[PDB]
Amino acid sequence: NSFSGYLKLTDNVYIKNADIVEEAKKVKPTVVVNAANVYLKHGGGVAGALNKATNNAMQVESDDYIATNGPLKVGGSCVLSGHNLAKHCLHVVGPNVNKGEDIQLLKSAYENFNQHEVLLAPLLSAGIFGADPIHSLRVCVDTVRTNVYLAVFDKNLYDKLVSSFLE
Ligand SMILES: CNCc1cc(-c2cc3c(N[C@H](c4ccc5c(c4)S(=O)(=O)CCC5)C(C)C)ncnc3[nH]2)co1
């Protein structure tokens with residue numbers, strides 16, 4: 001958990017302009033959060049990047065989990081191996097508002113982080129999931145009580161988020 005160069009927003013929420021894959025390699029976190037979908041198909045974006053960094057071992061494990069347990073629910077999660085990126089990967093499904101899912105499920109999605117003491121995570125439901133990233137950060141700060149290090153891989157969005165928080 002050797003997080004470096006983060007800006008502390010509250011006593012338990014930190015943020016950095018960084019690629020979550022590169023952070024996972026530098027930090028060696030106990031838990032890395034994946035921005036998953038309910039069938040754990042890591043086809044692109046954050047999930048595709050984390051799977052590629054494991055040389056597809058995350059996707060094979062994920063397929064075996066789904067075969068035995070069935071899909072997750074939106075707002076839900078599961079704990080699988082972190083492979084070379086962390087001790088564990090917490091796969092969390094935030095709502096995809098571009099696909100009609102309820103933005104209220106973003107609170108349930110962040111609540112899964114409270115089962116782990118320290119996590120490296122992306123900003124849930126942002127990017128092509130369509131939620132307003134300023135709102136996602138607000139839900140994170142209000143919901144997460146354990147220690148969360150957010151990696152946001154876009155300096156333009158990072159600056160807007162820090163300027164929204166410090167208003
Ligand atoms: C350029 N080579 C591919 C690639 C991409 C990455 C890569 C992207 C990325 C990231 N993006 C942010 C984000 C946050 C959440 C969601 C998405 C996107 S999404 O994938 O569109 C849908 C699920 C939710 C974005 C708002 C700046 N944040 C952190 N670390 C990241 N790493 C490495 O390699």
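Numbering of ligands and ligand atoms starts at 1, following listing order. Just so it is clear, the values below take in all heavy atoms, side chains as well, and ignore hydrogens, waters and symmetry mates. The first residue of the sequence shown is numbered 1, and numbering continues consecutively from there.
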Give the C-alpha distance, both sets of side-chain angles, the deciding distance and a yes or no for side-chain contact (heavy atoms from CB on, under 4.5 Å) between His91 and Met58.
-> CA-CA 11 Å; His91 296 267; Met58 175 181 285; 3.8 Å; yes
Ligand 1 to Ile128 polar contact by distance, N or O atoms, under 3.5 Å | yes
Quick one: look up the protein heavy atom nearest [atom] and list residue, atom name and how far away it is.
atom: atom 14 (C) of ligand 1; value: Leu123 O, 3.6 Å
atom: atom 32 (N) of ligand 1; value: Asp19 OD1, 2.8 Å
atom: atom 17 (C) of ligand 1; value: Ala126 O, 3.7 Å
atom: atom 22 (C) of ligand 1; value: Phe129 CD1, 3.5 Å
atom: atom 28 (N) of ligand 1; value: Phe153 N, 3.5 Å

Walk me through it: do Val162 and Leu7 pass the test side-chain contact (heavy atoms from CB on, under 4.5 Å)?
-> CA-CA 9 Å; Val162 173; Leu7 180 57; 3.5 Å; yes
Would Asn84 and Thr54 satisfy side-chain hydrogen bond (donor to acceptor under 3.5 Å, both in side chains), going step by step from the backbone distance to the final call?
-> CA-CA 6 Å; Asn84 49 300; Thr54 74; 5.2 Å; no
Determine if the distance from atom 3 (C) of ligand 1 to the closest protein heavy atom is below 4.0 Å.
-> no
Can you confirm whether something in the protein, heavy atoms only, sits under 4.0 Å from atom 12 (C) of ligand 1?
-> no
Please work out whether any backbone atom (N, CA, C, O) or any side-chain heavy atom from C-beta onward of [X] is under 4.0 Å from ligand 1, and answer side chain, backbone, both or neither.
X: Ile20; answer: both
X: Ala151; answer: backbone
X: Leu157; answer: side chain

Answer yes or no: is there a side-chain heavy-atom contact under 4.5 Å between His42 and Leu50?
-> no
Which of the numbered atoms in ligand 1 are below 4.0 angstrom from a heavy atom of [X]?
X: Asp154; result: 27 (C)
X: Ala49; result: 6 (C), 33 (C), 34 (O)
X: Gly45; result: 20 (O)
X: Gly127; result: 21 (O), 26 (C)
X: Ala35; result: 23 (C), 24 (C)

Does the ring center of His83 lie less than 6.0 Å from the ring center of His88?
-> no
Parallel, tilted or perpendicular: which describes the rings of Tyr6 and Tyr149, with under 30° parallel and over 60° perpendicular?
-> perpendicular
Could you tell me whether the side chain of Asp159 and the main chain of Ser163 form a donor-acceptor pair under 3.5 Å?
-> no
Please check if the side chain of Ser136 supplies one atom and the backbone of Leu124 the other of a donor-acceptor pair under 3.5 Å.
-> yes
Check the hydrophobic clustering (I, L, V, M, F, W, Y; side-chain heavy atoms under 4.5 Å; chains of links allowed) and say if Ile128 and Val97 are grouped together.
-> no
Evaluation steps, side-chain contact (heavy atoms from CB on, under 4.5 Å), between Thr143 and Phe113 | CA-CA 9 Å; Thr143 306; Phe113 286 26; over 6 Å; no
Could you establish whether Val46 and ligand 1 come within less than 4.0 Å of each other, counting only heavy atoms on the residue side?
-> yes
Taking NZ, NE, NH1 and NH2 as the nitrogens, is one of them in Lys107 or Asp142 under 4.0 Å from a carboxylate oxygen of the other?
-> no
